[PDB]
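Worksheet: the structure to be examined is printed underneath.
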Ligand SMILES: Nc1ncnc2c1ncn2[C@@H]1O[C@H](COP(=O)(O)OP(=O)(O)O)[C@@H](O)[C@H]1O
Ligand SMILES: Nc1ncnc2c1ncn2[C@@H]1O[C@H](COP(=O)(O)OP(=O)(O)O)[C@@H](O)[C@H]1O
Ligand SMILES: Nc1ncnc2c1ncn2[C@@H]1O[C@H](COP(=O)(O)OP(=O)(O)O)[C@@H](O)[C@H]1O
Ligand SMILES: [Mg+2]
Ligand SMILES: [Mg+2]
Ligand SMILES: [Mg+2]
């Protein structure tokens, strides 16, 4: 722990938890949001026999544990799970006590207000944090980009959000949430791999196939033409070496997986591709600034490490929108940490401690005070 | 079909289509303006496999169809959709052939002149109606009220129009259209219910929440005081039984949803509440008759079935305008049919057939003749 | 600031504010009279968060601000708005302190005397101007023309004034104000464009359509014949490239918009065209000089940059008045600055400082002294 | 050794990205200036033609 | 892992360096074009003003 | 024009500099430290416990 009473910066992103100290450039403890529970009961002795397993421990013990998600698309299952994982993060991973450091947290866009009130109340009772602040990840990604104008595409693991912000002003009237995310990607890839001869249901193979998505997946420039040329495609077809050692070969599926977000009719969504959701979002607001939105679009999330989103994005928007002004996307490398960086940015300046949510305000007005203290 | 060659009376209201015969008291075929399409492709056989689904058929088949709106705020998407729905109305629902009956139609206020010219041309070519007349729904609601003086507030599902008419004379210089309507109401309620923990995007839940608006919604007498007392409000809080069987409880939202029309700053409109739009409309015209406008205001539309518009209306106008003369609103029960009733009224008198738009006039002067034949 | 104590020359024209130093040929700081205010509340930090936005700043920030007019047709809303905009003009735009320079101001014709008394009092208390003079813009435009005989048509953005002056003598008995101005032009064009399929309400599109009026609009030589030939008119129909990039095509509307001033019955005014208002004005005064008024008519205002006013003016007056003497209009290029030029002319001569309204006169007789000091 | 080398390479990324972004800022500045110059030139040419026509008449 | 990262960073080195040099070339092109445009604008201003003076006469 | 460009680029550079400040504060103390496995050759074969 630093000698100074600097604040805690924790991004509880929908899919990854990244925690650390204020003034740091990158979060120190970063782990996926999976939680493992003993698949069977206790009869043995001498070691183990522990209920909750979180972090890399559960990653190593994936096979023996039922792998469960305490949060999915924002919905909260069991607050005890968050209690334990935050205990682990603060003491076993961050080696910090929350008594002496206020916490800045980031929440998924348009999270329930009742969810905020319950989570804040359990937090304040269970923990002894001196002060509090929670913010939407959209403005955090904006801060990471450091440009007040643009539309943020937050692609988490449970929801994809499109949020327009002009000159550092939120536009909730033109903000939308789409239920397509990593979960859907894994599902669709699971069914295609089932049609390829490999049919698995458990979560270990879920992580294997999301790793495959991280490594080999394409974003098709032209879809049906690329499957037409991918009929044989000995060179274009790509293989992976699974940890057991078998060589699993995939061809068109590499670019037929992320395409589903762009083409939701593959597995039955009324909503069109996410580019249509950015398009409608843009026109909902006044006409004039729309060009700037076209030229200032930002994309954020862990998924963004994949190739192909930028070219597809620009080409389709230019197809939909007039091609007079030039559209260009901006995306700094390793932007999944960017939100946490913005949290540090919030703690940089000396005005941030004017609106810390202190203990006594919550003791006076209950959780309801946040309704007036954040917004 | 009646033995007599009486005319067809059809109100294509922005949100509902109500069609029937002249001389009738109520329209016979009344259906919402939603249109359903097959969400997927055809592989099965033996039944169904039909493209367009309209009326109660689509209402029953809402889940399987992409639900699309052929008209929104007056804008026309695809004339083929109107072609099919009019075919359905005339033959499957009205069991009438348009060959032997002239048609009186009502159009949304200030509808495009190009829209009128194209719709009339496609109509005349596709159909074989002997004669034509189209009128603004404002004077139709006036006729239903049967009083030549007043300002009509037409609250459709796409637009809300304020139109002053003194002694049976239109005042286009003081007529305005506001982009707030049922769509906005559903949207705002959707986001509030999202903040209540229930987040849906599809149209079935859109109809469910508009039904909730029909049943439970309030118009707050005092807004912030009623949320202050609605903090707990066990008695004031009201519940609904959704068709799946879950009990969904809503409190202040009941009167926080229609309030948005009165308070547009909630979701960002420069225009103030609709009472301000009636106020400005009134002062635009000569001072003297303004008092009569205050005392003769009429409201029309399906939304008017909700409670609370009358009291709010009068109180705010009295707050804005001097309280010497008494302001009173008039609104007959089941006034959403009233426009169609006025259509029947138009066919009642024997002068109406002096200005039927016959086939030969259109054949001579093209669609352009309507520019001289209606106005 | 110049080393000399020369006076300030400021034209607060109804639609544009043009300010600078005496002895200069053109005003230095020229901005439209629109004022922008934050459309929403403050939650963000690090930049902006300023209430009043004036000048090009508001022009760039039009989309984010509610755009309001501190003056409309002469009526004053909030003196604080003038306080702020004058502060901005003097210090941020003119880089001058009013302590050391007397101010010559121009006011809209027939402005309220109570308005003059209140504005002068707030001015003298708030500011520290050494001396004062305010004049009607009519004689200023006369000075710009430099001919003591003529009738001035001042076409501002809120009012159009017709004022006859013979041999440098005002004729208030034959002076009239008409409520038609730029606002009306934009409104009428808005409704016609609504009938063309494009329906906007916000002020950004107001500025876009007034720009369209600046660029493409005609003044029809013959009205109904030109719409008759404008039925198709592929060559005569003209297009504009809106900043978003869409091509918006307009035909007869180009000359059907300014025609409304000439033909007020389009949107319901008892008063006839402005040429009738110049005609009546002329005959109210003695018969003999009327011919000179016919031959010495002057037109002034920013609108005058449009084509077609001169030919229409002369032809209609010759139609109304006998065609013996030749009628010719005079209008120097860039005459919207001309008033300010005349202000400089007032400061040119050494008799002007005989009737500066000094601080001590106002301190003695209050604001009432202006009632005896200007007129 | 390899990880240290990778870190200095990462610093290379950072500083070269900074070079690219400052260049891009200057690109926007000079391209906007070019638009303004060409628009003013076209307007001045049109004004010259109009005043020549007026002079002839 | 370290070796592949270093190689990826080398690929980035060359890509971004080239981008920057290209931007500098564009800068020079834009500069000379802007100078020419400013010259033409001044020319047009002078011409229009001279014509206006003749017109006034 | 120069004023417009200066204002825009100055705002951009202000946000850029505030972003740099966080990196200036710390740059290495965010990573974890080294604990690789190596040596241990001198340890005995008959462990004091029977997991030998
Ligand atoms: N290094 C990486 N390369 C590619 N994809 C990644 C990487 N790390 C994480 N992801 C993907 O990002 C997802 C988590 O998204 P996350 O960054 O938590 O969203 P948010 O930005 O809302 O927190 C995971 O499902 C995973 O598939
Ligand atoms: N029985 C009812 N009770 C309450 N609201 C209704 C009822 N029927 C229809 N509505 C509302 O009226 C709207 C349709 O308005 P409509 O009557 O078509 O406007 P118009 O008068 O312009 O035709 C629908 O969105 C629906 O929410
Ligand atoms: N360069 C221009 N070309 C055409 N019209 C203009 C131009 N500049 C201003 N206007 C018009 O002039 C109007 C403002 O009139 P203004 O000159 O302020 O009247 P006044 O002479 O009473 O001050 C604006 O509404 C605008 O439409
Ligand atoms: Mg994300
Ligand atoms: Mg209605
Ligand atoms: Mg004027």
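How high is the relative contact order of the range B:132-181, in percent, with contacts defined as C-alpha pairs under 8 Å that are six or more residues apart?
That works out to 29 percent.
Using bins 10 angstrom wide from zero, how does P(r) for the protein assembly as shown break down, in % of all Cα pairs?
1, 7, 13, 17, 18, 17, 13, 8, 4, 1, 1, 0, 0, 0
Order F:25-35, C:97-107 from most to least packed using the mean count of other Cβ atoms within 10 Å.
Descending packing order for the listed peptides: C:97-107, F:25-35.
At 7 Å along the Cα-to-beta-carbon direction for both residue C:267 and residue A:247, put a label point, then send me their distance in nm to one decimal.
Result: 7.7 nm between the two label points.
If packing is taken as the average count of other Cβ atoms within 10 Å, what order do C:354-362, A:109-117 fall into, highest mean first?
Going by the mean number of other Cβ atoms within 10 Å, highest first, we get A:109-117, C:354-362.
Put a dot 7 Å past each Cα toward the Cβ at residue B:179 and residue D:4; how far apart are the dots in nm?
Those two pseudo-labels are separated by 6.2 nm.
Apply the a/c threshold of 1.5 to the C-alpha gyration tensor of the range A:1-159 and tell me whether it is rounded, prolate or oblate.
Taking the square roots of the gyration eigenvalues as a ≥ b ≥ c, the range A:1-159 is prolate.
How far is residue B:265 from itself in the other copies, in nm, if each label sits 7 Å out from Cα along the Cα-Cβ line, shortest first?
4.5, 4.5
Would you give the gap between the C-alpha center of the range A:248-280 and the C-alpha center of the range A:154-178, rounded to a whole Å?
19
How far, in whole Å, is the closest Cβ of chain A from the axis that maps A onto C, and which residue does it belong to?
Residue nearest the A-to-C axis, with distance in whole Å: A:201, 1.
Pull up the DSSP beta bridges for the protein assembly as shown and report the antiparallel fraction as a percent, rounded to 5.
In the protein assembly as shown, approximately 70 percent of DSSP beta bridges are antiparallel ones.
Can you tell me the 0 to 90 degree angle between the C-alpha axis of helix D:2-56 and the longest principal axis of chain D, rounded to 10?
Roughly 0 degrees, rounded to the nearest 10.
When each copy gets a label point 7 Å from Cα toward the beta-carbon at residue C:173, what are the spacings between them in nm, shortest first?
Copy-to-copy label distances at residue C:173, shortest first: 3.0, 5.5 nm.
Once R0 is set to 30 Å, what does the formula 1/(1 + (r/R0)^6) return for the Cβ-Cβ distance between residue A:204 and residue A:305, expressed as a FRET efficiency to the nearest 0.05?
Plugging the Cβ-Cβ distance into 1/(1 + (r/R0)^6) gives 0.90.
Ignoring everything except DSSP H segments at least 4 long, calculate the 222 nm mean residue ellipticity for chain A; use -39,500 (n - 2.57) per segment, divide by total residues, nearest 500.
-9500 deg cm²/dmol
If I stretch the segment between residue B:288 and residue B:75 completely, what's the gain in nm (0.36 nm per residue apart, minus their alpha carbon distance), one decimal?
That works out to 73.0 nm of additional length.
Taking only Cα atoms and a 10 Å spring cutoff, compute GNM fluctuations for chain B and point out the largest among B:257, B:217, B:285.
Result: B:285 has the largest fluctuation of those listed.
How much of the DSSP bridge set in chain A is antiparallel, in percent, rounded to the nearest 5?
So the antiparallel bridges in chain A amount to around 70 percent.
If you take the beta carbon distance between residue B:372 and residue A:371 as r and set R0 to 60 Å, what does 1/(1 + (r/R0)^6) give as a FRET efficiency, to the nearest 0.05?
Using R0 = 60 Å, I get an efficiency of 0.50.
Take peptide F:24-34, look around each residue's Cβ out to 10 angstrom, count Cβ atoms belonging to other protein chains, and average those counts.
5
List the relative contact order of the range B:32-72 as a percent without decimals, with contacts defined as Cα pairs under 8 Å and 6+ residues apart.
Relative CO of the range B:32-72 lands at 60 percent.
Which whole number gives the average, over all residues in C:56-64, of C-beta atoms from other chains lying within 10 Å of the residue C-beta?
Counting other chains' Cβ atoms within 10 Å and averaging over C:56-64 gives 3.
Given the options A:322, A:130, A:27, which has the most mean-square fluctuation in a GNM of chain A, springs set between C-alpha atoms less than 10 angstrom apart?
Result: A:322 has the largest fluctuation of those listed.
Taking the DSSP beta bridges in the range B:42-168 as the whole, what percent of them are antiparallel, to the nearest 5?
If I count the DSSP bridges inside the range B:42-168, around 60 percent turn out antiparallel.
Find how many whole Å separate the alpha carbon centroid of the range A:31-100 from the alpha carbon centroid of the range B:196-225.
Using only Cα atoms to place each centre, the spacing works out to 39 Å.
Tell me the relative contact order for chain B as a rounded percent, counting alpha carbon contacts under 8 Å between residues six or more apart.
Averaging sequence separation for qualifying contacts and normalising by length gives 19 percent for chain B.
What does the structure give for B:193-205 when I average, per residue, the other chain Cβ atoms found within 10 Å of the residue Cβ?
3
For residue B:128, go 7 angstrom from Cα along the Cα-to-Cβ vector, then report the distances to that same point in the other copies in nm, smallest first.
Distances to the matching label points in the other copies: 9.1, 9.1 nm.
With each pseudo-label sitting 7 Å past Cα toward Cβ, what's the residue C:330-residue F:51 distance in nm, one decimal?
11.0
Any read-out appearing in this document is the output of simple, stated calculations on the displayed coordinates, not a laboratory observation. We place every Cβ from the backbone using ideal geometry, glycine too, and count neighbours over all the protein chains shown.
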